[PDB]
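Same protein, same chain, two forms; see structure 1 and structure 2 below, as structure tokens.
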Structure 1
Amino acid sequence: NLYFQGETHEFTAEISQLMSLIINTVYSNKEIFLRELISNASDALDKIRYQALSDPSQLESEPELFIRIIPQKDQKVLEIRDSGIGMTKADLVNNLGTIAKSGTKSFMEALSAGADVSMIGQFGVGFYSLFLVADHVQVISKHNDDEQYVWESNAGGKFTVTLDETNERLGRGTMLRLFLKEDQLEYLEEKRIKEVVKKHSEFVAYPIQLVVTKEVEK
């Protein structure tokens, strides 16, 4: 019996470590990670927007279309949430598999031809750019036709997409939870986040909301 034929998703976490090494060596300015996450959220928002055009009940799970950035300073986590179409369990497996396969292609090309700062133009590298600032990621998603699921890059053992009985309920859409590297904590600060959004995501056609909790120093 044969194992792993075509089963690239089984290696998603390992392939991400290869891509993290490449992309962090190539890009010293990490801030483009946020552009890429917002662009992927925008695409998922377009999908629900067009489906709901002929079937508005699809919006009732989360009637507003938005992208929402929530720094969690105590946890050193940056959360990016959208109310896009979301992913069923099978969608999440299939999308991670495609992302993983594109990573193998980008990694093999780096070895054969070398990598430079144009690599951000390659399919899938936008996802891996989250590892410019994060050492670990949780991808949480809720599609109208399925339950809430989560994939954790740091989960020990076999690749798994787990029924989410732990995180807050998304009504619909996707949240990436970025566990930031100790040298990239600037991206938990409101001023820095706003600078990066205005610089790189001006033409995104959805509201980008920033949720900031701070103790009042008295």
Structure 2
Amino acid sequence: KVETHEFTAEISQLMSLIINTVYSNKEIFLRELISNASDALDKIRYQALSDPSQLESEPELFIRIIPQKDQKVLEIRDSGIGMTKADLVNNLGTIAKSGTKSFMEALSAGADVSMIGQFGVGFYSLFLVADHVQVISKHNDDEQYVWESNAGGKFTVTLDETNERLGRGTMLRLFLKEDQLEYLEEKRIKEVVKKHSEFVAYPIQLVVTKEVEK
């Protein structure tokens, strides 16, 4: 049911550096997350070329941004390849450890947080704008799971029994910091997407909730 795992010391050091930094251009968080989405989609598209049945869990390949102002949550969804529990618990653990080691060495050499994506750990840039994250992911040949963390030193992995079935892929839910609620506004998201994501081979859809003036 609910597994709990501790973050390595170094990974907690990096996650705390990110949340607490006052780096000026925090919008890069969304280029990093879209980038991870485009990659996950590149993976399933290629695998399906020689095995078209890998797509019958979700035929369309897309990226979808859903602000939820009531909940103060910014949602980022794709139909990419998704992630197994083994990816969530162990296999991205070792990718996260190595990428964090390299990324810290770069920072200690005057490198920038906006370079985080070259180290395979772009996902952690969400703490520029969010203090908590839930990751819902569904891989073909595995069940749907929810990975959860608050930048501390623990994260959980839970068999997913409460959300809409995804079909295939990944949804991220960023619980925005109280001072970063601009990233719920449609105009801003359009701003950031068109400045830092010109070259993405998949649709980026925006799901805007507006009251009707009657």
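Residue numbering: structure 1 sequence, from 1. Rigid core (definition): largest C-alpha set, two forms, superposition within 1.5 Å.
Superposed on the rigid core, the two forms differ between structure 1 and structure 2 by 2 Å or more at the C-alpha of one listed residue only; from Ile85, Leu130, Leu78, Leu96 that residue is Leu96.
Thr12: CA moves 2 Å or more between structure 1 and structure 2 after rigid-core fitting. With the core superposed, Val197 shows a C-alpha displacement below 2 Å between structure 1 and structure 2. The two forms, fitted on the rigid core, differ between structure 1 and structure 2 by 2 Å or more at the CA of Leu21.
With both forms fitted on their core, the C-alpha atom of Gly121 sits 5.2 Å from where it sits in the other form; this compares the forms between structure 1 and structure 2.
Its Cα shifted by 0.5 Å between structure 1 and structure 2, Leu65 is reported here after superposition on the rigid core. On the core-superposed pair, the CA position of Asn154 changes by 3.9 Å between structure 1 and structure 2.
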